[PDB]
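Here you get one chain, nothing else, as structure tokens; it is the form solved without uridine-5'-diphosphate (UDP).
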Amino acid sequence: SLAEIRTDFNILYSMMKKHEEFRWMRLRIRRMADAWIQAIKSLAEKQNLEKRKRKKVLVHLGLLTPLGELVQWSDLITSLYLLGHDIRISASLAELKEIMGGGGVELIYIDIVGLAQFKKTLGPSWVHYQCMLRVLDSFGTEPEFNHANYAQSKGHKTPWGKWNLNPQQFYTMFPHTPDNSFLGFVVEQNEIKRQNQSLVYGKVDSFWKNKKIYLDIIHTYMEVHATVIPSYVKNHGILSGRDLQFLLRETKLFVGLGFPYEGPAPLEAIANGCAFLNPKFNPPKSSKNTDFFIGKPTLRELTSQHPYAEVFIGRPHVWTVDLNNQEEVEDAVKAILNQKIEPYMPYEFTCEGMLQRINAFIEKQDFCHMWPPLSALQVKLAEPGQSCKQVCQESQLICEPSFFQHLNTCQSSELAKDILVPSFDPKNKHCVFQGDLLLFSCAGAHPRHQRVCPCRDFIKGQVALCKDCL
């Protein structure tokens, strides 16, 4: 029974009308419907989408039993629907039991809250389905937090970790954690734009605490608008849809205050021709120094409010600035004021880019027992203090953790259960090899030794996929 692409949303709307929380998701799908339908038709012309098996897919939304996560769920469901899969949407324990009770489930999209429910509801046979799980986890899960016993040994108290999955089963909001898979979402998209209009990113007064100098510098050159705080700020209150599309289409500069971290909104601003003023974090913010991140299953350090925007887009669309550097902020605002407007969206955040990525994952990513192909492997040695993530990135590659097993001249050697191996002491030519295959980790820098690191190429604008991965 083969998957046939769908070009009509009538059935999708009927499914999402069964859950009150999808109300504004259905609205957004209608706004984006022509983009989605154009994209599934264009993909089907570029690539053979024939002879794909129709999968029975459980989509269990633990969080419905977070706007960015609701957007990601909406875009995932829409992608599955367009690709012709048999979607069973669950937002209750009752639904979960019924769907799994019926059997034939081939693929499971769930969040970590939903996974706790899955385990509790199904009992010990929950692990029978473990290889079919794709776990929507916005901020990502590094191997040291996923391995229950290693995490306990290191004193990690995360309520989110210790699931003992293959870490590539965690599906992230941005491609920030190469131990994981990047799922993302779709970003909704010069006489319109008011050259001197800036708009503050942040719907609560709390976000604005101790930003006055920053805002005062911006206010020297631009009107400061808000949707929520100095007297001069022009507040439009809470908005949406066409209205917010208009306000962003009207705005030259979208102003970050530091929070929230890694949201969709800066990408929507850039897609609508805005530049993003992106606060720089020195030191970088992590579960080690930031209350928001304490208990999150990663030590990943954020170098700015939106590191994807900073690293994968950059100027002129994204100015990553020290808020405390008055010279730097003024230079940035004056630059943006004089910039030519260039609306931009990375391919991977388009309808067709997301359809291509999720179709590849559905067809090629299998944890139930080779992809990416071993031809993609390029091995790099991380210097001491450098992670496998870093040394791949430094060569315009990305760490590919599925190649660690193929990397596991050595005068002596030993075995260790540690996220930092395989390692090489090139002084005494001593090799330490991985003794616990669940501890293979792109994340982590050896303090003394070189790390032996598995990298792969990526399609520019589609970092989730190697050139030979389609």
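Residue positions are given as counts along the sequence shown, with the first one as 1.
Just so it is clear, the following notes concern the form deposited with uridine-5'-diphosphate (UDP) bound, a form of the same protein that is not shown.
Judged by heavy atoms within 4.5 Å of uridine-5'-diphosphate (UDP) in the entry with it bound, the contact stretch among the candidates 262 to 270, 95 to 103, 375 to 383, 276 to 284 is 262 to 270.
Among the residues 311, 148, 239, 122, the one placing a heavy atom within 4.5 Å of uridine-5'-diphosphate (UDP) in the entry with it bound is 239.
For the candidate set 203, 162, 249, 212, a heavy atom within 4.5 Å of uridine-5'-diphosphate (UDP) in the entry with it bound is found for exactly one residue, namely 203.
Proximity of 84, 132 and 365 to uridine-5'-diphosphate (UDP) in the entry with it bound is absent: no residue of the three has a non-hydrogen atom within 4.5 angstroms. Though the partner is left out of this view, residue 71 does reach within 4.5 Å of uridine-5'-diphosphate (UDP) in the entry with it bound, counting heavy atoms only. uridine-5'-diphosphate (UDP) in the entry with it bound is not approached by residue 303, whose heavy atoms all lie more than 4.5 angstroms from it. Residue contact check for residue 435: none of its heavy atoms lie within 4.5 Å of uridine-5'-diphosphate (UDP) in the entry with it bound. Contact check for residue 257: every heavy atom lies farther than 4.5 Å from uridine-5'-diphosphate (UDP) in the entry with it bound.
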